[PDB]
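To begin, one chain is listed below as structure tokens, in the form deposited in one PDB entry.
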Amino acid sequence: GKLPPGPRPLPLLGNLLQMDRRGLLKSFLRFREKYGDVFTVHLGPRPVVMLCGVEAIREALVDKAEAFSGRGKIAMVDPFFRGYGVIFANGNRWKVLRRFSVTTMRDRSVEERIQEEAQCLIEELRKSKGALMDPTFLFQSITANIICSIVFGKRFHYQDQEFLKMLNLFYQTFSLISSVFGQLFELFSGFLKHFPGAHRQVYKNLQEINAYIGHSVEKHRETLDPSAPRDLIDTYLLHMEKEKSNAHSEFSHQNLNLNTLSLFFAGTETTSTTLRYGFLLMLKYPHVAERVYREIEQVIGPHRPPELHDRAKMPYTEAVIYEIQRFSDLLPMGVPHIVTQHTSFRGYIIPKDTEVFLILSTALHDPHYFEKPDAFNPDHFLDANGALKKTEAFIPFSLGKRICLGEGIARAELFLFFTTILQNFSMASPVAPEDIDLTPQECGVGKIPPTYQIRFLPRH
């Protein structure tokens, strides 16, 4: 008849007192035990429908694309993004900005861009003389630069303190959003928005980044050559000029700054966080890293830079990376959707504008597709022959009309960066493999590995 079943809420508090202090995901997994794969949780003042397991998620996002393709808000960042840029946009705005962003994210190839950065990385790693480091900044630098060369038309130097400062702001912002306070804000932002909190810090952090984008936009405006756009910013300026007599053009300055922030954020914090978990995992499972290195020796050798064409011949490294993405579960609850029209779903009726969380973690840890899903195991992506076994449960980019638009770039990045590093270095740290704790630092919107030190030791 009406909504999916779930725990009875209270006025004001919704289902607070039935939640798990450990976080939203935990709370929803305990609801799943009781209600199955489709259920409603009242997050403070409203109902949110949760969909779990790959069948239910694909049925929503793919078979019912017409209904499930809207974007819900993330309360920690809505006040800043306010429905601007491709991530947080709906309706015609989304259509326009998605199309724009997909097209201009192809148009020097992305591969060559990543291969070049990979060489600067190796260089930077050789200069560190196997010193200990927390590699967050470095993994952010390499991925940010890929997006920077596309968006801004250049890369930044690794020791540029201003680049650093922006990366430190993404890092902090993503943690803050994913923190327990940020998960609470999701429930009670109406009330909490009047007090001091991490929500004001996030807001401020994003504004500092946006100010640089502001500047760079103006620099681009002044030096723009309409016959020779240099990058994604130039290209958007030209759409803007072309549509200036339409006051309702989506090619506005607010979309330009926030679409640009969106890309920059997505290109700096996703892949880098996955690599950071990946290198923690190589420290804890040195046998896996050793086996990857053997396949690199055999398929690539020690000198020739890895290339995307190498992937087909390296099923073991590919499986390891799939397993790194599966285990690291970057966005356990994905990004919020909303239904754009009244829909019937498995006998339930989900009114237009109901928020829908698609619990990607549930697909990724599905014990029918992955034997032992809480363990890190590259055999999850291998057949008996040792050939790559892809699976439809593997949905860490989501599915359907909102499927991550950086999937191709992200996978290229993970492959080239992971292989080029292990080609040239092994890893060490002062924590014994058996003592390494993989428990995330935060687990909210983002799952965020703990900080750790690592050394990269040149091979000889």
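We call the rigid core whatever largest set of C-alpha positions still superposes within 1.5 Å between the two forms. Heads up: residue numbers just count along the shown sequence, starting at 1.
- The gap between residue 222 and residue 223 holds no unmodelled residues of the deposited sequence.
- Note on 212-220 vs 368-376: mean CA B-factor is higher in 212-220.
- Judged by mean Cα B factor in the deposited record, 124-132 ranks above the other of 124-132 and 138-146.
- Of the candidates 316, 345, 327, 80, the deposited coordinates give 345 the top C-alpha B factor.
- Within the listed group 277, 158, 381, 293, the record reports its top CA B-factor for 158.
- Annotation for residue 284: CA B-factor lies in the lowest third of the chain's modelled residues.
- Per-chain ranking of the deposited C-alpha B factor places residue 334 in the lowest third.
- In this PDB entry, residue 100 carries a Cα temperature factor that places it within the middle third of its chain's modelled residues.
- Ranked against the other modelled residues of its chain, the C-alpha B-factor of residue 88 as given in the entry falls in the lowest third.
- In this PDB entry, the Cα temperature factor of residue 47 sits in the top third of its chain's modelled residues, the highest group.
There is also a form deposited in another entry; it is not shown, and the following applies to it.
- In the overlay on the core between this form and the one not shown, a shift of 2 Å or more in CA position is seen for a single residue of 297, 243, 123, 383, which is 243.
- For residue 373, the Cα coordinates differ by under 2 angstroms between this form and the one not shown after the core has been superposed.
- With a cut-off of 2 Å and the rigid core superposed, residue 286 has a Cα displacement that falls short of the cut-off between this form and the one not shown.
- In the core-superposed comparison between this form and the one not shown, the C-alpha atom of residue 343 has shifted by less than 2 angstroms.
- Cα of residue 335 to Cα of residue 250: at least 3 Å longer in the other entry than in the shown structure.
- Between residue 253 and residue 69, the Cα spacing is smaller in the other entry than in the shown form, differing by no less than 3 Å.
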